[PDB]
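Raw upload-v3.pdb, PDB, C-alpha atoms and all ligand atoms:
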ATOM      1  CA  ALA A   1     -90.486 291.732 -70.948
ATOM      2  CA  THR A   2     -88.343 294.677 -69.928
ATOM      3  CA  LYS A   3     -86.280 292.837 -67.277
ATOM      4  CA  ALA A   4     -84.628 289.391 -67.122
ATOM      5  CA  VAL A   5     -82.248 287.475 -64.799
ATOM      6  CA  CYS A   6     -79.963 284.436 -64.975
ATOM      7  CA  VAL A   7     -78.296 282.360 -62.188
ATOM      8  CA  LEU A   8     -75.091 280.676 -63.362
ATOM      9  CA  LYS A   9     -74.152 277.273 -61.850
ATOM     10  CA  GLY A  10     -71.677 274.549 -62.732
ATOM     11  CA  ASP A  11     -69.877 271.409 -61.530
ATOM     12  CA  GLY A  12     -66.919 273.426 -60.152
ATOM     13  CA  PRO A  13     -66.709 276.519 -57.990
ATOM     14  CA  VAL A  14     -67.943 279.138 -60.575
ATOM     15  CA  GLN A  15     -71.266 280.841 -59.833
ATOM     16  CA  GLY A  16     -72.902 284.164 -60.668
ATOM     17  CA  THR A  17     -76.050 286.337 -61.077
ATOM     18  CA  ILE A  18     -76.626 288.312 -64.309
ATOM     19  CA  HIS A  19     -79.310 291.030 -64.724
ATOM     20  CA  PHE A  20     -80.761 292.354 -68.027
ATOM     21  CA  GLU A  21     -82.828 295.534 -68.693
ATOM     22  CA  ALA A  22     -84.221 296.912 -71.988
ATOM     23  CA  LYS A  23     -83.260 300.566 -72.597
ATOM     24  CA  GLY A  24     -84.124 302.108 -75.964
ATOM     25  CA  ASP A  25     -83.037 299.655 -78.696
ATOM     26  CA  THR A  26     -80.381 298.107 -76.376
ATOM     27  CA  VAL A  27     -80.033 295.644 -73.462
ATOM     28  CA  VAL A  28     -78.035 296.681 -70.356
ATOM     29  CA  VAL A  29     -76.256 293.668 -68.749
ATOM     30  CA  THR A  30     -75.015 293.896 -65.120
ATOM     31  CA  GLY A  31     -74.062 291.528 -62.297
ATOM     32  CA  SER A  32     -71.111 289.437 -61.073
ATOM     33  CA  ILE A  33     -69.376 286.069 -61.385
ATOM     34  CA  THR A  34     -67.179 284.470 -58.670
ATOM     35  CA  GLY A  35     -64.809 281.535 -58.393
ATOM     36  CA  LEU A  36     -62.925 282.323 -61.708
ATOM     37  CA  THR A  37     -59.216 282.131 -62.469
ATOM     38  CA  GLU A  38     -57.661 285.627 -62.778
ATOM     39  CA  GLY A  39     -58.040 287.393 -66.202
ATOM     40  CA  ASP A  40     -60.448 287.256 -69.197
ATOM     41  CA  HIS A  41     -63.209 284.655 -69.812
ATOM     42  CA  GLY A  42     -65.473 284.287 -72.886
ATOM     43  CA  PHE A  43     -69.171 285.184 -72.204
ATOM     44  CA  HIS A  44     -71.987 284.390 -74.672
ATOM     45  CA  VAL A  45     -75.705 283.655 -75.150
ATOM     46  CA  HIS A  46     -76.112 280.043 -76.431
ATOM     47  CA  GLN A  47     -79.088 278.839 -78.504
ATOM     48  CA  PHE A  48     -81.035 276.439 -76.211
ATOM     49  CA  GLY A  49     -82.364 276.785 -72.640
ATOM     50  CA  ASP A  50     -81.731 273.022 -72.127
ATOM     51  CA  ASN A  51     -79.814 271.945 -68.974
ATOM     52  CA  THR A  52     -80.495 268.217 -69.247
ATOM     53  CA  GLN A  53     -76.777 267.551 -69.984
ATOM     54  CA  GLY A  54     -75.279 270.429 -68.087
ATOM     55  CA  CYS A  55     -73.826 273.229 -70.215
ATOM     56  CA  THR A  56     -73.346 270.861 -73.222
ATOM     57  CA  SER A  57     -77.073 270.773 -74.103
ATOM     58  CA  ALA A  58     -77.183 274.617 -74.550
ATOM     59  CA  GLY A  59     -75.840 274.093 -78.098
ATOM     60  CA  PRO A  60     -73.808 276.686 -80.050
ATOM     61  CA  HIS A  61     -73.578 280.459 -79.810
ATOM     62  CA  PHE A  62     -77.016 282.035 -80.594
ATOM     63  CA  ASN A  63     -76.805 282.865 -84.313
ATOM     64  CA  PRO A  64     -80.187 283.584 -86.055
ATOM     65  CA  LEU A  65     -78.491 285.673 -88.827
ATOM     66  CA  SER A  66     -76.037 282.866 -89.816
ATOM     67  CA  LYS A  67     -72.781 284.829 -89.366
ATOM     68  CA  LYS A  68     -69.223 283.899 -88.182
ATOM     69  CA  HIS A  69     -67.941 284.595 -84.618
ATOM     70  CA  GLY A  70     -66.657 288.019 -83.626
ATOM     71  CA  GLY A  71     -66.438 290.497 -80.736
ATOM     72  CA  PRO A  72     -69.408 292.616 -79.651
ATOM     73  CA  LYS A  73     -68.178 295.701 -81.548
ATOM     74  CA  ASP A  74     -67.834 293.820 -84.895
ATOM     75  CA  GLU A  75     -70.459 293.858 -87.715
ATOM     76  CA  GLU A  76     -69.660 290.185 -88.419
ATOM     77  CA  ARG A  77     -70.608 288.483 -85.110
ATOM     78  CA  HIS A  78     -73.180 286.058 -83.693
ATOM     79  CA  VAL A  79     -76.155 287.714 -81.857
ATOM     80  CA  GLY A  80     -74.903 285.912 -78.704
ATOM     81  CA  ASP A  81     -71.291 287.304 -78.839
ATOM     82  CA  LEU A  82     -70.812 289.435 -75.692
ATOM     83  CA  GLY A  83     -66.942 289.256 -75.605
ATOM     84  CA  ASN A  84     -65.053 288.843 -72.334
ATOM     85  CA  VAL A  85     -65.662 289.331 -68.607
ATOM     86  CA  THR A  86     -62.525 290.019 -66.506
ATOM     87  CA  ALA A  87     -61.821 288.415 -63.100
ATOM     88  CA  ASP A  88     -59.636 290.015 -60.399
ATOM     89  CA  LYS A  89     -57.056 288.249 -58.170
ATOM     90  CA  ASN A  90     -59.869 287.186 -55.793
ATOM     91  CA  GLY A  91     -61.668 285.477 -58.713
ATOM     92  CA  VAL A  92     -64.464 288.038 -59.106
ATOM     93  CA  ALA A  93     -65.664 289.537 -62.375
ATOM     94  CA  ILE A  94     -68.072 292.518 -62.415
ATOM     95  CA  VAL A  95     -70.295 292.560 -65.544
ATOM     96  CA  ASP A  96     -71.065 295.924 -67.268
ATOM     97  CA  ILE A  97     -72.203 295.648 -70.920
ATOM     98  CA  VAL A  98     -74.576 297.637 -73.197
ATOM     99  CA  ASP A  99     -75.446 295.706 -76.394
ATOM    100  CA  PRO A 100     -77.571 296.682 -79.428
ATOM    101  CA  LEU A 101     -78.034 293.223 -81.010
ATOM    102  CA  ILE A 102     -79.441 290.999 -78.234
ATOM    103  CA  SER A 103     -83.068 291.744 -77.271
ATOM    104  CA  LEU A 104     -85.595 290.725 -74.583
ATOM    105  CA  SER A 105     -88.494 290.513 -77.136
ATOM    106  CA  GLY A 106     -89.155 289.527 -80.717
ATOM    107  CA  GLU A 107     -86.920 287.505 -83.073
ATOM    108  CA  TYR A 108     -83.587 288.265 -81.349
ATOM    109  CA  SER A 109     -85.026 287.540 -77.860
ATOM    110  CA  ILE A 110     -82.672 285.751 -75.478
ATOM    111  CA  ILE A 111     -85.455 284.903 -72.943
ATOM    112  CA  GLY A 112     -85.478 281.122 -72.544
ATOM    113  CA  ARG A 113     -81.906 280.741 -73.898
ATOM    114  CA  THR A 114     -78.664 280.133 -71.915
ATOM    115  CA  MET A 115     -75.808 282.360 -70.665
ATOM    116  CA  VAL A 116     -72.377 280.573 -70.569
ATOM    117  CA  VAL A 117     -69.008 281.641 -69.003
ATOM    118  CA  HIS A 118     -65.869 279.925 -70.377
ATOM    119  CA  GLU A 119     -62.446 278.558 -69.290
ATOM    120  CA  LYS A 120     -60.316 280.821 -71.492
ATOM    121  CA  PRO A 121     -60.367 284.289 -73.129
ATOM    122  CA  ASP A 122     -62.451 284.861 -76.280
ATOM    123  CA  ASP A 123     -60.022 285.967 -79.049
ATOM    124  CA  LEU A 124     -62.871 287.896 -80.815
ATOM    125  CA  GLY A 125     -62.282 286.022 -84.033
ATOM    126  CA  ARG A 126     -58.711 287.412 -84.436
ATOM    127  CA  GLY A 127     -56.734 284.341 -83.405
ATOM    128  CA  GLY A 128     -55.600 283.560 -86.933
ATOM    129  CA  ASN A 129     -57.003 280.021 -86.972
ATOM    130  CA  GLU A 130     -60.283 278.390 -87.851
ATOM    131  CA  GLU A 131     -61.616 277.732 -84.296
ATOM    132  CA  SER A 132     -61.317 281.488 -83.715
ATOM    133  CA  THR A 133     -64.084 282.060 -86.274
ATOM    134  CA  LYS A 134     -66.500 279.638 -84.503
ATOM    135  CA  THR A 135     -65.930 279.966 -80.664
ATOM    136  CA  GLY A 136     -63.131 282.538 -80.200
ATOM    137  CA  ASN A 137     -60.987 279.689 -78.738
ATOM    138  CA  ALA A 138     -62.752 280.216 -75.380
ATOM    139  CA  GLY A 139     -62.563 276.535 -74.467
ATOM    140  CA  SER A 140     -64.733 274.586 -72.005
ATOM    141  CA  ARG A 141     -68.009 275.751 -70.359
ATOM    142  CA  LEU A 142     -67.520 276.435 -66.610
ATOM    143  CA  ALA A 143     -71.090 277.527 -65.616
ATOM    144  CA  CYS A 144     -74.424 278.345 -67.225
ATOM    145  CA  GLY A 145     -78.075 279.168 -66.581
ATOM    146  CA  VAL A 146     -81.412 279.722 -68.370
ATOM    147  CA  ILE A 147     -82.429 283.383 -68.901
ATOM    148  CA  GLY A 148     -85.784 284.088 -67.175
ATOM    149  CA  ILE A 149     -88.400 286.877 -66.944
ATOM    150  CA  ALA A 150     -87.806 289.145 -63.877
ATOM    151  CA  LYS A 151     -90.087 291.437 -61.849
TER     152      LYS A 151
HETATM  153 CU    CU A 201     -70.127 280.553 -75.067
HETATM  154 ZN    ZN A 202     -69.841 283.496 -81.270
END
Mind turning the file's structure into structure tokens?
Amino acid sequence: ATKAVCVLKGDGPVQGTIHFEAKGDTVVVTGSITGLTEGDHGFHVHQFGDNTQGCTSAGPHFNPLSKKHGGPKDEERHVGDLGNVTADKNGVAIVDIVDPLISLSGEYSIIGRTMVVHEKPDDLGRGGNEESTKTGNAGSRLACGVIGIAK
């Protein structure tokens, strides 16, 4: 697969559409999310494409190399760690990310896994407490969707 898509839904007002495209040894992530409180919100690939219990059944951040949490620019990060998206005063975040660790094929493939947007900012592992090194202190899961093959 060279293209993928994900539709984010939740039990509140947050919704969004995320697009993925392979380019060289990277994935280009674009799209938008609406219905958010103003400011930064944690954004990650989670391990399982399982929506039987809402966002809870997606499991933890996708982590096939068994590392601690970080930001996307850090060497020590989970494969799924894509940092923060930023919402404007109208509650809209535009997504614009290029990432070298996620993939659409092979061992680090995110096809069939879950994208999640969170309640609070991701502190990129620099919060100075233990939770920072697991989830970035991003808090509850507001919306999610399974990542699918696109035309
Ligand atoms: Cu997450
Ligand atoms: Zn993480």
If the limit is 8 Å from any atom of ligand CU 201 (chain A), counting only C-alpha atoms and all ligand atoms, which residues qualify? Return them as a compact mmCIF listing (two decimals) with C-alpha atoms, in the frame of the given file.
# COMPACT_ATOMS: atom_id res chain seq x y z
CA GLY A 42 -65.47 284.29 -72.89
CA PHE A 43 -69.17 285.18 -72.20
CA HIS A 44 -71.99 284.39 -74.67
CA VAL A 45 -75.70 283.65 -75.15
CA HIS A 46 -76.11 280.04 -76.43
CA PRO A 60 -73.81 276.69 -80.05
CA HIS A 61 -73.58 280.46 -79.81
CA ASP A 81 -71.29 287.30 -78.84
CA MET A 115 -75.81 282.36 -70.67
CA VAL A 116 -72.38 280.57 -70.57
CA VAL A 117 -69.01 281.64 -69.00
CA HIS A 118 -65.87 279.92 -70.38
CA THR A 135 -65.93 279.97 -80.66
CA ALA A 138 -62.75 280.22 -75.38
CA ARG A 141 -68.01 275.75 -70.36
When you look at segment 86-94 of chain A with a cut-off of 8 Å (counting all atoms listed in the file), what residues show up, excluding the ones that are within fewer than 5 positions of it in the same chain? I need them as a PyMOL selection string.
chain A and resi 30-41
Pick the closest to ligand ZN 202 (chain A) from A:108, A:132, A:70, A:127: which is it, counting only C-alpha atoms and all ligand atoms?
A:70
Written as JSON, numbers by chain, what is the full residue list that the PyMOL selection byres (((chain A and resi 143) around 7) and not hetatm) yields on the file shown?
{"A": [8, 9, 10, 14, 15, 55, 116, 117, 141, 142, 144]}
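Across the model, the gap from atom CA of residue 100 of chain A to atom CA of residue 79 of chain A is 9.4 Å.
Nearest residue to ligand ZN 202 (chain A), choosing from A:73, A:120, A:134, A:3 and counting all atoms listed in the file: A:134.
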Please enumerate the residues selected by the PyMOL selection byres (((chain A and resi 4) around 8) and not hetatm) when evaluated against the supplied file, formatted as a ChimeraX atom specification.
/A:1-3,5-6,19-21,104,111,147-151
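For the atom pair formed by atom CA of residue 136 of chain A and atom CA of residue 119 of chain A, the distance is 11.6 Å, given to one decimal.
Candidate residues A:97, A:107, A:68, A:129 were compared for distance to ligand ZN 202 (chain A), and the nearest is A:68, using all atoms listed in the file.
Of the listed residues A:109, A:26, A:103, A:140, the one whose atoms come nearest to residue 121 of chain A is A:140, with distances taken using only C-alpha atoms.
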Spell out the residues picked by the PyMOL selection byres (((chain A and resi 72) around 9) and not hetatm) here, as JSON, numbers by chain.
{"A": [70, 71, 73, 74, 75, 77, 78, 79, 80, 81, 82, 83, 99, 101, 124]}
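Of the listed residues A:85, A:62, A:126, A:106, the one whose atoms come nearest to ligand ZN 202 (chain A) is A:62, with distances taken using all atoms listed in the file.
The residue that comes closest to residue 18 of chain A, out of A:64, A:112, A:122, A:96 and on the basis of all atoms listed in the file, is A:96.
The space separating atom CA of residue 23 of chain A from atom CA of residue 113 of chain A comes to 19.9 Å.
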